[PDB]
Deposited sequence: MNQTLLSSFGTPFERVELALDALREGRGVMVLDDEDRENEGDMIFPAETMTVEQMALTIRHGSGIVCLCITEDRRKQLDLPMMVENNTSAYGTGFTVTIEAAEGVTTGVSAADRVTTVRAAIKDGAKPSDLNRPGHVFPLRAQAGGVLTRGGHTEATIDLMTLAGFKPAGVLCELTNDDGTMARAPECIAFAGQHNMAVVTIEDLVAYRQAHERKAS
């Protein structure tokens, strides 16, 4: 059931596993920002678009002082990238799985201040829409709600799953793949239903 699938995912997150979030033809591996490992970051760079985003809230955004990249968002989904980031220390080129994580941990770390970060960089922040999947049915909000439900900071890492031939992964592939990495599979509809109820 929707509710079963949602709660089963919330578990996965707490056990520090990944979730494969789907909707409508693209699946996003996502992780708690707080728990994610280099090995996991490597995995997402290895099979992701390599465009690895850090979903955050408008308040974490204000806290770090990250302006929205564009004043007038014209992308097909109003995707909502802010200004990109690099950990102001602990990193080198900022591209290694090791470095991306480090950048990420600097962003979430309790009481992170803007000087903790360098702009631009190789981690790409996504501001979640206030209201979550009920305001906006996107992987961005989906990622945020799962984290806050799981009881985490409202910050989580995400990435599209890519076939090696370069095509975006379809559900059966996202599913095959989630299965092969102890990742809980869920859908934004499931999450919307779950939330509507509660």
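S.K.: Missing C-alpha coordinates: which residue stretches of the deposited sequence does that apply to?
M.R.: According to the record, the gaps fall at 1 to 10, 35 to 38, 213 to 217.
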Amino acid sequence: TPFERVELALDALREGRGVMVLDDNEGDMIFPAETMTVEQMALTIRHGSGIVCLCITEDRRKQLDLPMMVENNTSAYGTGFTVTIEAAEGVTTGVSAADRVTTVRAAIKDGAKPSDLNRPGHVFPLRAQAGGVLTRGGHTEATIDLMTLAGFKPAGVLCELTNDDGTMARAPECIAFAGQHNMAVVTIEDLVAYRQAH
From here on, numbers count along this sequence of modelled residues.
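S.K.: Please compare 75 to 83 with 117 to 125 and name the stretch with the higher mean C-alpha B-factor in the deposited structure.
M.R.: That would be 75 to 83.
S.K.: Quick one: say whether 157 to 165 or 65 to 73 has the higher mean Cα B-factor in the deposited entry.
M.R.: That would be 65 to 73.
S.K.: Sorting the chain's CA B-factors, does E173 end up in the lowest, middle or highest third?
M.R.: For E173, the deposited C-alpha B-factor lands in the highest third.
S.K.: Within this chain, which third does the Cα B-factor at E58 fall in: lowest, middle or highest?
M.R.: Its C-alpha B-factor belongs to the middle third of this chain's values.
S.K.: Determine, from the deposited record, the chain-internal third of the Cα B-factor for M41: lowest, middle or highest.
M.R.: Tercile = lowest for this residue's CA B-factor.
S.K.: C-alpha B factor of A107, ranked within the chain: lowest, middle or highest third?
M.R.: Tercile = middle for this residue's CA B-factor.
S.K.: Among the chain's modelled residues, which third holds the C-alpha B-factor of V91?
M.R.: For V91, whose C-alpha B-factor we compare with every modelled residue in the chain, the answer is the highest third.
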